[PDB]
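First the structure, in the form of structure tokens, and then the observations on it.
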Amino acid sequence: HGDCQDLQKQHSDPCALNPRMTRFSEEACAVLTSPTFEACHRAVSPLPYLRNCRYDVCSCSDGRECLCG
Amino acid sequence: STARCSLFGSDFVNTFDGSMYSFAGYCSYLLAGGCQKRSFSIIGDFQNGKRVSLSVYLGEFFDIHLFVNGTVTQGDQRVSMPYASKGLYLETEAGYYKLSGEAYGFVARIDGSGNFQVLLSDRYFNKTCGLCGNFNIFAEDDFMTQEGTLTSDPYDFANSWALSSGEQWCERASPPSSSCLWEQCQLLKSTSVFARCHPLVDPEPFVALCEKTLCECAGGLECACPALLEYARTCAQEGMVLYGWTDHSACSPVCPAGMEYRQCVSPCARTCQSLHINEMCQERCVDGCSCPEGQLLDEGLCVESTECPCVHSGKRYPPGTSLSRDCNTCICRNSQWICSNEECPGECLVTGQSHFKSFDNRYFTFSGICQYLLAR
Amino acid sequence: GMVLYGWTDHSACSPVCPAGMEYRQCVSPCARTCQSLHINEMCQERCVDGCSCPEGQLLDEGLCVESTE
Amino acid sequence: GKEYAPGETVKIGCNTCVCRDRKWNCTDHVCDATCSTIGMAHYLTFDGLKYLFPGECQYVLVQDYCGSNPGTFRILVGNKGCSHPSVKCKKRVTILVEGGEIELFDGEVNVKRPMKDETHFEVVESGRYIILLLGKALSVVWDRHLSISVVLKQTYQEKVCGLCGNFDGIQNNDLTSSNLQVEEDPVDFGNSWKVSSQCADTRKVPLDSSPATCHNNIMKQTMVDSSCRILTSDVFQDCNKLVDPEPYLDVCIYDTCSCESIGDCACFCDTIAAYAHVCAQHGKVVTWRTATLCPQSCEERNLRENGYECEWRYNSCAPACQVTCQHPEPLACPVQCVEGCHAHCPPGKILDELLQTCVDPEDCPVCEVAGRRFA
Amino acid sequence: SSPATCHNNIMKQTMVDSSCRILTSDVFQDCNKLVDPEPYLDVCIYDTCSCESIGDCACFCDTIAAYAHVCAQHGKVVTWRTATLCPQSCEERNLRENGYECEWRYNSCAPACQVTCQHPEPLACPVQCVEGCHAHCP
Ligand SMILES: *[C@@H]1O[C@H](CO)[C@@H](O[C@@H]2O[C@H](CO)[C@@H](O[C@@H]3O[C@H](CO)[C@@H](O)[C@H](O)[C@@H]3O)[C@H](O)[C@H]2NC(C)=O)[C@H](O)[C@H]1NC(C)=O
Ligand SMILES: *[C@@H]1O[C@H](CO)[C@@H](O)[C@H](O)[C@H]1NC(C)=O
Ligand SMILES: *[C@@H]1O[C@H](CO)[C@@H](O)[C@H](O)[C@H]1NC(C)=O
Ligand SMILES: *[C@@H]1O[C@H](CO)[C@@H](O)[C@H](O)[C@H]1NC(C)=O
Ligand SMILES: *[C@@H]1O[C@H](CO)[C@@H](O)[C@H](O)[C@H]1NC(C)=O
Ligand SMILES: [Ca+2]
Ligand SMILES: [Ca+2]
């Protein structure tokens, strides 16, 4: 559809706009690099899945279900 | 060039341009900060529809929380006052708690009533974003939601700025559904005390909120006076300060002792532990308080000029409280110790492996192997 | 010849006068009120101690009332 | 250390001494002194005392409104956010001589209130420094980043006060506070010269050397000591006879542990620059900058239109004040050995004022009336 | 991210992000269209947390120079070295006997291979845009 506006520069850090929730995002989205998941670290690299968690929690309104999503 | 937005009354708001309304929330809304390159943010914490605490945020590393009862923190610590740090001087002023940032540009107070004030600068023109609205002279289109669209409902506009952090999740805000004898609000429309602020601002909206508050009137004279300070401060900042109001019906804005509320006090506020440098107080009039004229201020309260205590090593001593050195001693006058010189014995120590101490005090190490002459 | 300035702030016992209680030094005896012609240049009297009421109130025969009344 | 045949002389900075009957006989001449900021937390009084005092508001460097005489000048050295020696540090200096301020901040000088006695008011830009002359005796030398120095000739003897002592020739009592009491440690001494009474005086650092940013690595503590042990390495072995590198080393250990530098190396080159500057005042010019150790260039401002006329070079210490169509007569610049980048044009075609290109002497002012440039 | 050297200060991890966010500042904006500055940012954040510099600053300028090297291969030469950001000089080797004849200058990328009495014929130098200090004799 040609009436949709083309987005300009994508923005990487969403919690540069909500600095209240910076400690919680880093603290919570850290189980992925922890011995709870240690078996799976050799099957799929948890690199993209960590920054996805950080972005999801900093950005979305209800971070309780964005964390476990 | 410097504007002013304030949060006052009980559940009221004013912006950088004038369009002013009400809102009572729960979720630490965003009061100011540019929304293309953020680089700092003022966040206003509420609780149960009230106003508790105030906080800044630099980048993503440094916090500071200021609170309404004068207690200050660090994010998880409990710092004292004044506490200068990486920029951001917390202080006190004519009785109110000031947070000054001049590298970035803003100054924020909290008075005894818990009313907030923040003054921005000219380089944020057409770039501010938060709940205090954008900063352009045109005063009507100042309800841009975070999406960028424009609305008309105060609540739908102001719910788009709430900020949540981890443990604290917040809900949607709904206007309170509670409706409702003298009309002293027109005191802005009759007396000639305020008559000179008329050609700069329009006194209608203040009367509007004043009757809104008159609806409640959970008290005798609390109905109107919080609606009256703000108009004074606004037309004071507008270019001409009112002189000698509060002499007719006002409700005596509170500060602890002395209570000498007055306009045009010098923020320098001469005390007696000072160097009496003149000429270097080029600051505008600020309302506030002080304590009469014949007294000088101490850190806690203010005392008569005859009793400024002296200081040695950070201790405080009452006048006429001579301390004793080994060699001499002298007496505290009005913050001016006056000792008399006198030669006192000297010692030349020689200890350790090879560690000397001269007769005056010079310490050193020599370590040579022979016989030497130590004194004569 | 040298009038004392700003005492009474330390230990005095507040010399008594009926209303206002604004005891102060160097007050003009002209005592401006609203029932007058606001004629200036004819207040050539030396300092006199006495009483008045703040600044925003003008004196009537009994007491002083705000300028509006 | 060395032999000296009878009748031979020696000069020490300011005075000359000669040998007479196995004892040195020589003359006395109280001459000028210098109070300076060694680095960015340490001070050096007029009689040569070193102390540590990190603060963050406006203080008093040196004034003379304290004795039983009418004051003249006053220099205030309020610094911004330098309670910790990080790279974000910035400093400001305000000078109140007769009726003006000068505001040394960032780029250059201001004149925010003209002085009625510009008859001896000069500003000179030589090397990498700026030199201010404010009267018969008073001078100020500025690095443009963080080191401020002040020179007073013998007239102001025993007549000033501040964070620089009272200049009488005794070290012991030159640590007195503003209320006529001799303190013990520098931290409670320096709170008394604070201008505004709402600063939150600095408390005290209880620990010993190697501040907390160090001693938790000793992989970083043992690189810093060797990295700036070049104060004794090979070029400074002639300096070390005349001035001892005991205090400057201890400056370098500080504000290098406590200074997280990322792409800006100025936190380290400036201490070595200070020590080298002090050597130059004793006639021991040194060269210490390599291609891999705090390198410096001055070819950027070299007339990009053509540029082949290479009119700029980096010299050892480049004698200080050179005449031009600005002050066509020698001045009294108390430095004479300014390190920096220098212009060495031939005897004719002296250097200009504004465009930084040597030109023939025609472009001098037409007249000196009203003290204007007049092209 | 932020090795154990970082995330224990975040007065240094907030000082090293903005210290080398200059890859998107004003000069490299031409490159950002043709090569994205995403992997080189992650290169810069690393080995600056874990690289304590005292008097030597090559640990940081080299990343920026590598990214500039990448850009110039795409015909988008840039100039980023100032007097207060990774300064460089080359006039030390300028014939100290006289010195007034300046034959060395610092150019943008100083095209690589020039003929002399070493190989009087063009070579195959697959860079041709070597930044450095250069000699521009007639
Ligand atoms: C000014 O207001 C603030 C908040 O309105 C007051 O801070 C609050 O102080 C109480 C008293 O200590 C704190 O309660 C304590 O919390 C800890 C941690 O949960 C708990 O272990 C204790 O048993 C106690 O319940 C409360 O957390 C704290 N709220 C904050 C810091 O947000 C402050 O005391 C007031 N000032 C004065 C002078 O009272
Ligand atoms: C504010 O900025 C926008 C975009 O830069 C511009 O379109 C608008 O006209 C500006 N408003 C004013 C009042 O200058
Ligand atoms: C030094 O020499 C001068 C003249 O040569 C003489 O007047 C003076 O007394 C001498 N002083 C000493 C200490 O020998
Ligand atoms: C510095 O300048 C002086 C005077 O012009 C000169 O004698 C000296 O050789 C110069 N130093 C260098 C390294 O060129
Ligand atoms: C770099 O060299 C080229 C070719 O010699 C020249 O055209 C260009 O002007 C030079 N750049 C600078 C900044 O001198
Ligand atoms: Ca607006
Ligand atoms: Ca002395």
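I'm checking my understanding of the structure. Among residues of region B:325-338 that are under 41 Å from the mean Cα position of the chain (by Cα) and assigned to a strand (DSSP E or B), which one is nearest to the other protein chains (Cβ to nearest Cβ)? Lay out the reasoning, then the answer.
Residues of region B:325-338 that are under 41 Å from the mean Cα position of the chain (by Cα), as a first pass: B:330-338.
From what's left, assigned to a strand (DSSP E or B): B:330-332, B:337-338.
Working: B:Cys330: 8, B:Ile331: 12, B:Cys332: 9, B:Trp337: 5, B:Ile338: 6 Å.
Among those that are under 41 Å from the mean Cα position of the chain (by Cα) and assigned to a strand (DSSP E or B), it is B:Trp337.
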Within chain A, considering only helices (runs of 4 or more DSSP H) that don't extend past its boundaries, which have at least 2 residues that are more than 10 Å from chain B (Cβ to nearest Cβ), within 12 Å of the chain's Cα centre (by Cα) and surrounded by 13 or more Cβ atoms within 10 Å (Cβ to Cβ)? A:48-59
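Within region B:111-153, how many residues are assigned to a loop (DSSP other than H, G, I, E, B), more than 16 Å from ligand 1 (Cβ to nearest atom) and in contact with a strand residue (DSSP E or B) (Cβ under 7 Å, 6 or more places away or on another chain)? Explain how you work it out, then say what you get.
Applying the first criterion (assigned to a loop (DSSP other than H, G, I, E, B)) to region B:111-153 yields B:111-115, B:120-121, B:125-143, B:145-149, B:151-153.
When the remaining residues are screened for being more than 16 Å from ligand 1 (Cβ to nearest atom), the result is B:115, B:120-121, B:125-143, B:145-149, B:151-153.
If we keep only those that are in contact with a strand residue (DSSP E or B) (Cβ under 7 Å, 6 or more places away or on another chain) too, we end up with B:115, B:120, B:128, B:130-132, B:134, B:141, B:143.
Of the residues in region B:111-153, 9 are assigned to a loop (DSSP other than H, G, I, E, B), more than 16 Å from ligand 1 (Cβ to nearest atom) and in contact with a strand residue (DSSP E or B) (Cβ under 7 Å, 6 or more places away or on another chain).
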Suppose we filter region B:158-175 for residues that are more than 29 Å from the chain's Cα centre (by Cα) and outside any loop (DSSP other than H, G, I, E, B); how many remain? 0
What are the pairs, 6+ residues apart or on separate chains, where a residue within region E:99-122 that is at positive phi has its Cβ under 8 Å from a residue that is more than 16 Å from ligand 2 (Cβ to nearest atom) and β-branched (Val, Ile, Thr)? E:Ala110/E:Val130
Name the residue that is nearest to the other protein chains (Cβ to nearest Cβ), counting only residues in region C:52-69 that are charged (D, E, K, R) and exposed (fewer than 11 other Cβ atoms within 10 Å of the Cβ). C:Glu55
All but one of (1) under 23 Å from B:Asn361 (Cβ atoms); (2) surrounded by 17 or more Cβ atoms within 10 Å (Cβ to Cβ); (3) not basic (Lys, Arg) hold for D:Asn173; which doesn't? (2)
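Given the condition within 14 Å of another protein chain (Cβ to nearest Cβ), hydrophobic (A, V, I, L, M, F, W, C) and touching a strand residue (DSSP E or B) at 6+ places or on another chain (Cβ under 6 Å), answer yes or no: does some residue in region B:170-184 qualify?
First pass over region B:170-184, keeping only residues within 14 Å of another protein chain (Cβ to nearest Cβ): B:170-173, B:184.
Applying the additional criterion that residues be hydrophobic (A, V, I, L, M, F, W, C) yields B:170, B:173.
Narrowing the set further to residues that are touching a strand residue (DSSP E or B) at 6+ places or on another chain (Cβ under 6 Å) leaves none.
No, every residue in region B:170-184 fails to be within 14 Å of another protein chain (Cβ to nearest Cβ), hydrophobic (A, V, I, L, M, F, W, C) and touching a strand residue (DSSP E or B) at 6+ places or on another chain (Cβ under 6 Å).
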Subset of region D:176-190, residues facing chain B (nearest Cβ under 8 Å), more than 16 Å from ligand 7 (Cβ to nearest atom), crowded, with 16+ Cβ neighbours inside 10 Å and over 16 Å from D:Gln63 (Cα atoms), comes to D:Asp188
Do we find a residue being more than 28 Å from D:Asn216 (Cα to Cα) and either at the interface with chain D (Cβ under 9 Å from one of its Cβ atoms) or within 16 Å of ligand 7 (Cβ to nearest atom) (or both) anywhere in region E:73-81? no
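Check region B:176-187 and report whether any residue there is assigned to a loop (DSSP other than H, G, I, E, B) and within 30 Å of A:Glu26 (Cα to Cα). Break it down stepwise before answering.
First pass over region B:176-187, keeping only residues assigned to a loop (DSSP other than H, G, I, E, B): B:176-186.
Okay, now just the ones that are also within 30 Å of A:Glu26 (Cα to Cα), so none.
Within region B:176-187 (the criterion being assigned to a loop (DSSP other than H, G, I, E, B) and within 30 Å of A:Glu26 (Cα to Cα)), the answer is no, since none of the residues qualifies.
Go through the residues of region B:46-66 one by one and say whether even a single one is within 16 Å of ligand 2 (Cβ to nearest atom), under 30 Å from B:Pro176 (Cβ atoms) and charged (D, E, K, R). Spell out the reasoning first.
Residues of region B:46-66 within 16 Å of ligand 2 (Cβ to nearest atom): none.
Looking for residues that are within 16 Å of ligand 2 (Cβ to nearest atom), under 30 Å from B:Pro176 (Cβ atoms) and charged (D, E, K, R), one finds none in region B:46-66, hence no.
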Give the residues of region B:84-123 that are closer than 12 Å to B:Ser6 by Cβ and buried (at least 19 other Cβ atoms within 10 Å of the Cβ), sorted by residue number. B:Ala108, B:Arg109, B:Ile110, B:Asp111, B:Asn115, B:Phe116, B:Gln117, B:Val118
Residue under question is E:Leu34, and the condition is that it be away from chain B (no Cβ under 14 Å) and touching a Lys or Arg at 6+ places or on another chain (Cβ under 8 Å); does it hold? yes
If I ask for residues that are assigned to a loop (DSSP other than H, G, I, E, B) and farther than 15 Å from B:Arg270 by Cβ, which ones from region B:290-315 would you list? B:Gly300, B:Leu301, B:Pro309, B:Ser313, B:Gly314
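Give the residues of region B:233-261 that are more than 14 Å from chain C (Cβ to nearest Cβ) and more than 22 Å from B:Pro292 (Cβ to Cβ), sorted by residue number. Show your work before the answer.
First pass over region B:233-261, keeping only residues more than 14 Å from chain C (Cβ to nearest Cβ): B:233-241, B:251, B:253-257, B:259.
Of everything in region B:233-261, those that are more than 14 Å from chain C (Cβ to nearest Cβ) and more than 22 Å from B:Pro292 (Cβ to Cβ) turn out to be B:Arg233, B:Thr234, B:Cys235, B:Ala236, B:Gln237, B:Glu238, B:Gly239, B:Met240.
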Sort out which residues of region B:118-137 are within 14 Å of chain A (Cβ to nearest Cβ) and more than 12 Å from ligand 6 (Cβ to nearest atom), and write them in order of number. B:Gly130, B:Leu131
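Restricting region B:1-20 to residues that are of a type in the set (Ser, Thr, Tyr) and surrounded by fewer than 18 Cβ atoms within 10 Å (Cβ to Cβ), which is farthest from B:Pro154 (Cα to Cα)? Give the derivation first.
The first filter runs over region B:1-20 and keeps only residues of a type in the set (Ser, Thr, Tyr), leaving B:1-2, B:6, B:10, B:15, B:19.
Filter once more, so that each one left must be surrounded by fewer than 18 Cβ atoms within 10 Å (Cβ to Cβ): B:1-2, B:10, B:19.
On the way: B:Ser1: 28, B:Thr2: 25, B:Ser10: 16, B:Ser19: 11 Å.
Restricting to residues being of a type in the set (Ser, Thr, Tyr) and surrounded by fewer than 18 Cβ atoms within 10 Å (Cβ to Cβ), the top hit is B:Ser1.
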In region D:9-65, residue farthest from ligand 5 (Cβ to nearest atom) [restricted to those that are charged (D, E, K, R) and over 21 Å from the mean Cα position of the chain (by Cα)]: D:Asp21
Quick check on region B:8-26. Is at least one of its residues touching a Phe, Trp or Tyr at 6+ places or on another chain (Cβ under 8 Å), within 16 Å of ligand 1 (Cβ to nearest atom), within 30 Å of B:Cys217 (Cβ to Cβ) and among the small types (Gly, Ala, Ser)? no
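State whether the residues of region B:99-110 include one that is touching a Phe, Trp or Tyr at 6+ places or on another chain (Cβ under 6 Å), part of a strand (DSSP E or B), among the small types (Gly, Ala, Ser) and away from ligand 6 (no atom under 16 Å from the Cβ).
yes
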Selection within region B:207-227 - crowded, with 19+ Cβ neighbours inside 10 Å and within 17 Å of B:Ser19 (Cα to Cα): B:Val207, B:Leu209, B:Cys210, B:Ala227
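For neighbour counting, all protein chains shown are included, and Cβ atoms are generated from backbone atoms with ideal geometry for every residue, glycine included. All of the numbers you see were taken from the coordinates with simple rules; none came from a lab.
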